[PDB]
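To keep things clear, I will list the structure first and then write my remarks on it.
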Amino acid sequence: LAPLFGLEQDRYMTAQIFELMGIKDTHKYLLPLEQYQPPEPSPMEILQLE
Amino acid sequence: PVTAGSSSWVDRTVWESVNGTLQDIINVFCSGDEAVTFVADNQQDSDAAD
Amino acid sequence: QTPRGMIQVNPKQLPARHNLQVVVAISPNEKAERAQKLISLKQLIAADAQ
């Protein structure tokens, strides 16, 4: 079921959770999805690929 | 204080009752580190409640 | 704290009561429980790499 349950879903979920107990997650706790831009590949990843 | 021979002592229900309920109101509302904490419905304004 | 320095928040900029839930009669130790909630949330969020 992971294929559906990716990133956004997870963040929403977790948030909700938080939002029940610790509210303002947005900006001190968990980076907002709009800005959670994917990581650049490492030199170790790249050199092993080539 | 009805008459000199009557030994007009007076009971203190009312007083032992008030201090009772007062004991508990203070224990409940003035006990905490704080009086109140606001809470928001949205992460949009969570940063203001504080 | 982000720049660490009084932001003169035009108060009128604030939200309305409409949006605001208030609570009273806080436990003197709400701190500790909030903290344990946070560390539990932390173990959790660490558990999932996504």
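Chains as they are written, first to last, in the deposited numbering: chain A, 549 to 598; chain B, 51 to 100; chain C, 499 to 548. Beta carbons are placed, not taken as given, at the ideal position from N, Cα and C, and that holds for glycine.
C-alpha gap between residue 498 of chain C and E588 of chain A, whole angstroms = Because chain C is modelled from 499 through 548, residue 498 of chain C falls outside the range shown and cannot be assessed.
Mind checking whether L512 of chain C and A90 of chain B have CB atoms under 8 Å apart?
-> no
Residues of the stretch 567-581 of chain A with a CB closer than 8 Å to any CB of chain B: list them in chain order, please.
-> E567, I571, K572, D573, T574 and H575
Interface residues of chain A around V86 of chain B at Cβ under 9 Å?
-> The contacting residues do not exist; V86 of chain B stays about 15 Å from chain A at best.
With 8 Å set as the bound, which would you pick, yes or no: does the beta-carbon of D83 of chain B sit closer than that to a beta-carbon of chain F?
-> Within the model displayed, chain F is absent; protein chains A, B and C are what it includes.
Which whole-angstrom value describes the C-beta separation of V521 of chain C and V78 of chain B, a residue pair presumed to lie in contact below a C-beta threshold of 8 Å?
-> Not confirmed; about 13 Å, so no contact.
Going along the stretch 511-534 of chain C in order, which residues come within less than 7 Å of chain B, judged by CB to CB distance?
-> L512, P513, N517, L518, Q519, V520, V521, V522, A523, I524, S525 and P526
Considering only residues of the same chain and omitting the five flanking positions on each side of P51 of chain B, which have a CB-CB separation below 6 Å?
-> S58
Can you pull the DSSP bridge partners for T87 of chain B?
-> C:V521
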